[PDB]
Student: 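Got a structure for you, questions after.
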Protein chains: 6
Amino acid sequence: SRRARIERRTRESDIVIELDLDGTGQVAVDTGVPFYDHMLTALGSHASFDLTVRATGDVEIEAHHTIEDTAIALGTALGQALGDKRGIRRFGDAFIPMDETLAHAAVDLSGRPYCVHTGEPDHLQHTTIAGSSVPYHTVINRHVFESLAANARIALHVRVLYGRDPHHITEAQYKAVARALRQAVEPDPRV
Amino acid sequence: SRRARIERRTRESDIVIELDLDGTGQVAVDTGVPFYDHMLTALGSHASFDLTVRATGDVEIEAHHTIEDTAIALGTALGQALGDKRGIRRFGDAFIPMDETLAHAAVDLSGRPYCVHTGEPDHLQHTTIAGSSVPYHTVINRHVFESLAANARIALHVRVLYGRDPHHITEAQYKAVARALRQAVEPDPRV
Amino acid sequence: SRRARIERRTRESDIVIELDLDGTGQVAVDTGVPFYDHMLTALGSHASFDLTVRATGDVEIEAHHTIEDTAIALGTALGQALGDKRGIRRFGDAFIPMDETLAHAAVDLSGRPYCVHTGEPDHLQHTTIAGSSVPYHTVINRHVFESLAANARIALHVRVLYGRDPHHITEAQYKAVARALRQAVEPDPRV
Amino acid sequence: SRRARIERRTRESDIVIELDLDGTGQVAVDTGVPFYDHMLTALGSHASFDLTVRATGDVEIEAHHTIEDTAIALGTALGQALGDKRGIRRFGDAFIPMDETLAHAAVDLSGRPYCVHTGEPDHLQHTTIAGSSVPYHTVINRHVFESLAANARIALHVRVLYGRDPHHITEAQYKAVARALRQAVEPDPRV
Amino acid sequence: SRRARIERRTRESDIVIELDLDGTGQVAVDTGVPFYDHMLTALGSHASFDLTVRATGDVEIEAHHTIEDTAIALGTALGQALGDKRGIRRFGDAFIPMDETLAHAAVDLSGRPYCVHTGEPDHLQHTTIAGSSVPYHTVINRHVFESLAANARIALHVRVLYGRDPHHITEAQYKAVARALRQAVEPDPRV
Amino acid sequence: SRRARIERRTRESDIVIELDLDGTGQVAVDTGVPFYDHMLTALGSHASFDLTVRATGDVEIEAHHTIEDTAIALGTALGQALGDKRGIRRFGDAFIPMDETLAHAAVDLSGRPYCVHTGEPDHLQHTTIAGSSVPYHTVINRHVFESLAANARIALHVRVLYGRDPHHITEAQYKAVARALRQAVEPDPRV
Ligand SMILES: O=P(O)(O)OC[C@@H](O)[C@@H](O)c1cnc[nH]1
Ligand SMILES: O=P(O)(O)OC[C@@H](O)[C@@H](O)c1cnc[nH]1
Ligand SMILES: O=P(O)(O)OC[C@@H](O)[C@@H](O)c1cnc[nH]1
Ligand SMILES: O=P(O)(O)OC[C@@H](O)[C@@H](O)c1cnc[nH]1
Ligand SMILES: O=P(O)(O)OC[C@@H](O)[C@@H](O)c1cnc[nH]1
Ligand SMILES: O=P(O)(O)OC[C@@H](O)[C@@H](O)c1cnc[nH]1
Ligand SMILES: [Mn+2]
Ligand SMILES: [Mn+2]
Ligand SMILES: [Mn+2]
Ligand SMILES: [Mn+2]
Ligand SMILES: [Mn+2]
Ligand SMILES: [Mn+2]
Ligand SMILES: [Mn+2]
Ligand SMILES: [Mn+2]
Ligand SMILES: [Mn+2]
Ligand SMILES: [Mn+2]
Ligand SMILES: [Mn+2]
Ligand SMILES: [Mn+2]
Ligand SMILES: [Mn+2]
Ligand SMILES: [Mn+2]
């Protein structure tokens, strides 16, 4: 009903997105960038989407291109699956506490494409989250939310009220966008 | 059931308000102040009210008196239609992104009359929104929310988190009050 | 179903808590600290809990010990009654206007124990709310929210956006925690 | 062996102190000032003294005189019970965390009478801890430590590294003095 | 006598902790995060615990989850092994110089769960300690001490008085917690 | 058992040190610099060393050379007497109140040579302590602690928390190093 399959094949990467807005958190994400996988799994789960994301890109250079193309593809999927947007809440927002962190997101689904990202501590502009694989530079967080908003054609405002740990600060934001989405996407029993 | 008809006839103006709290956004507003009409149409629509507003006043002087009397009348209608206020959510709030702007409103419907309006950029104290008709001075925004809160006898807190365009800044606030209202006015399945 | 009875007997005090998460605001609180009684009655009521709190302690010293033990016991009750936490909203938040005051609370019920309390004016660190009985020092507000979060094992973020009156500032916070709780505790029709 | 009984009868008050340095925390304190009782019970207990304090004074005026005379008497008892001070550690110190508070105390038992009290937040100069009885003004904390040091004829340095709650800030200090005392008073197996 | 075995199996990780408070520094730690292994080996050794820690987690994402779960499990073990806490010193503290660094830790074992971490230079919020394996982001230090304190249900105050090298700054803190623990955990010959 | 005899013959001075770590404060110090004698007598006594120091140098120039050579020799003695350092506490620290002054010292005996000296008031960089004999310039305090740490091959951190009198400020530091030493040097019943 509200589903979309998006294939995005660029020089730098290969993306397949399968999205059902009216899901139960059946989410599977593999991008070659494990922390990104973790963030997108949280987003799909907490938005109660069913979501598959398969992506392979030029991670030898760094995660940037793959992360960006994936977000673009995902935003495109979101718009398509939304369709005419009639009968929905339209607006949604959510606060996410995560230990010391508090993040917030608000959305207007029928609003024009726009992203405002504020409150993220300055050290996240040069912070790396690294494991045994391809690392994630948190400076990309903004890029993701902008790409997503621009291709879903929605208004997305993401705020960090405060926080210290970069993992918490980032996950809380992704989760906040997710629940904001979940709320806004739901059928509105009055309109 | 939760309806009210208010007629307010002063030296400066003539107002008729017809309000149904449990509506579907059937809204018709004509005050002689087209931007005000636009704001009140948004308020009624996004609050899921059914709302008629017919007003004629001394617009040769400026919109102030008509805008004020209308808000007073509308607040009075809101209180009357609310009645004993039993069984309702009581509290409501809403975030409204509008391009670069983010506005918020929170309400307590059984709280004592009170309005706090904060965060609006200083240039809105002397900004005019002008078209082919009677203009709207944004400095009035505050006046409207205060008049509304005082006559509905509710607690109304309106915030602009940030914003640049005066049209966006104002509409986002009106819309925020609307959805806050809509939430608070709804029947609460537990109380 | 989601109920708990907690008895907490220390050197300083004696506490009995009876808690039903799925209640209708049937609340009875007696701690020897009337303003605390007032705050906890508001918390239980606005959270739509059914709640009994009977407590006797060393109020000759001051309210601190009794207030603290009670909050610990109450948090313990909340955790127990929550049980495995499956099927619930998990996240909740609420804004509470109270005349000039605006307070907010956000919760993550499956999050790790954590409390962040911010925005409370400095004069509440040495303010007393006094009547004909045992007085309440508002500096304790923080202590209460921390104790509650630590023993329910949840993430609790409480904010005062602004305010002047200490009674309003405190009640608005207690009420905000209550509605945040109420939301987060509710069954989620999708998970 | 290291015991002392002190009776101090002034215009303002009546004090009896019974002190055994080599005790097990058998402590009983009654001054008419319940919070003071609580602080002195903690001091005796954590210092592993056996301690009886019976005091009646002019509490209609306020606790000051009684609190002061008691501390003087207690310091006098400490000196007497110490006697020639041979064979002891002489020096002692202790850190006391108490939730958000951290306090410290260091002592030189054979040093000349001296007290330095630092780091206590400014609002404790006008803070009251009040219950159902005679209240305790925290501004007195300093007075107590000075009186104690002057009459035991020792060097006593009390610090608050940080803290917020006045009950915690005060109790942590009393407890810190207690454990510092306990350490310094102990027989030194080398001297 | 004072031992505990804790198994903690989450989505993100698998932890087994074996803890004897009354040990001789027989410590074996393997978490997949070699620097963490180094820190926990120092903690167990300097606390004179006997300690086994076996942990496997989602280090492809980064060390965070594994580090956190391990600390939670370890804190839980500490509490269990502590049992009723009767007859012990209760309080402990230790200074650790490490070349240019000076760190301190103080504990109250019967105090309520609480952690205050202060004095760590700002560049440790975005510093990485990297070798041939999974890296360690020092921003996590705080997270570890908080998790540990919350699950052992103790008061833990960790301070860096000063320091420059992140390895020294971190190890000195872990070692300080260890010796503070060791002291506080010991049988008290007077209580 | 843990003893050392050091003879240090330079152009500027002649030093003989006899050191027993496991002593009873049998101390005799003669350097031609009476205040230095006083400081070293305090150090040996409060460290419970047995210590003989005989030194003659070029005091016509000033005390510097003799004070320095003596400290070097003493540090060398400390290291030698320490030997393999097995079975000892390793870490030690001590607070020394002295009227208005509070000083602290912490040591790591198996740590690499390092000295950090902080908190000493600026006027001690040009202060003289003078009597009927060769004077002592307090600026040398630092030099002494550095020389001592470098030749004993230990980590020595000396702090003045506060103080006014240069005699007190200096003696408190020497005494603090002494008790820190005494603690760290003692046999550890667990390692
Ligand atoms: O909190 P959640 O259960 O949604 O997620 C698991 C959580 O343990 C993990 O994502 C995380 C916790 N702290 C940083 N990352
Ligand atoms: O965004 P809405 O569809 O609620 O409203 C129409 C919108 O295009 C218009 O009100 C507006 C857009 N920017 C300023 N004003
Ligand atoms: O506002 P409520 O009806 O939830 O509560 C009664 C209210 O009148 C009282 O609690 C109060 C009003 N101002 C300070 N305290
Ligand atoms: O922490 P202790 O057990 O020494 O003391 C009891 C404690 O619960 C009480 O004195 C207190 C706790 N917070 C303020 N006062
Ligand atoms: O100082 P210890 O012997 O406890 O630890 C060995 C030490 O050489 C090593 O842990 C280290 C030294 N500097 C940074 N790390
Ligand atoms: O305080 P002690 O007994 O360790 O030392 C004697 C003391 O009287 C003397 O060293 C001194 C006192 N004030 C400055 N110097
Ligand atoms: Mn890009
Ligand atoms: Mn907000
Ligand atoms: Mn995570
Ligand atoms: Mn007007
Ligand atoms: Mn418009
Ligand atoms: Mn407390
Ligand atoms: Mn009230
Ligand atoms: Mn006095
Ligand atoms: Mn207390
Ligand atoms: Mn975490
Ligand atoms: Mn210190
Ligand atoms: Mn190391
Ligand atoms: Mn030199
Ligand atoms: Mn002297």
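Read the numbers this way: they start at 1 and go in the same order the structure lists the ligands and their atoms. Protein chains get the first letters and strands the later ones, always in sequence-line order, with residue 1 at the start of each.
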Student: Does B/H143 put an N, O or S atom under 2.8 Å from the Mn ion (ligand 10)?
Tutor: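 For B/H143, the answer is yes, given that an N, O or S atom comes within less than 2.8 Å of the Mn ion (ligand 10).
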
Student: In this structure, which one of B/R159, B/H143, B/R142 forms a side chain to side chain donor-acceptor pair (under 3.5 Å) with B/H117?
Tutor: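 Of B/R159, B/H143, B/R142, side chain to side chain donor-acceptor pair (under 3.5 Å) with B/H117 is met by B/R142 alone.
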
Student: Applying the side chain to side chain donor-acceptor pair (under 3.5 Å) criterion to E/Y136, which one of E/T128, E/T127, E/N141 satisfies it?
Tutor: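 Among E/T128, E/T127, E/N141, the one meeting side chain to side chain donor-acceptor pair (under 3.5 Å) with E/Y136 is E/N141.
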
Student: NE2 (B/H64) to the Mn ion (ligand 10) to OE1 (B/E68): angle, nearest 10 degrees?
Tutor: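 My answer is 90°, to the nearest 10°.
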
Student: Please name the atom of E/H38, restricted to N, O or S, that is closest to the Mn ion (ligand 18).
Tutor: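 Sorting the N, O and S atoms of E/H38 by distance to the Mn ion (ligand 18) puts NE2 first.
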
Student: Is the gap between the ring centers of F/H157 and E/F95 under 6.0 Å?
Tutor: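 They do not qualify: ring centres at least 6.0 Å apart.
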
Student: Does E/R54 come within less than 4.0 Å of E/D30, counting only side-chain N to carboxylate O?
Tutor: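 Judged by the 4.0 Å cut-off on N to carboxylate O distance, E/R54 and E/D30 do not form a salt bridge.
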
Student: For the Mn ion (ligand 11), find the closest N/O/S atom on B/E171 and give its atom name.
Tutor: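 Within B/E171, restricted to N, O or S, the Mn ion (ligand 11) is closest to atom OE1.
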
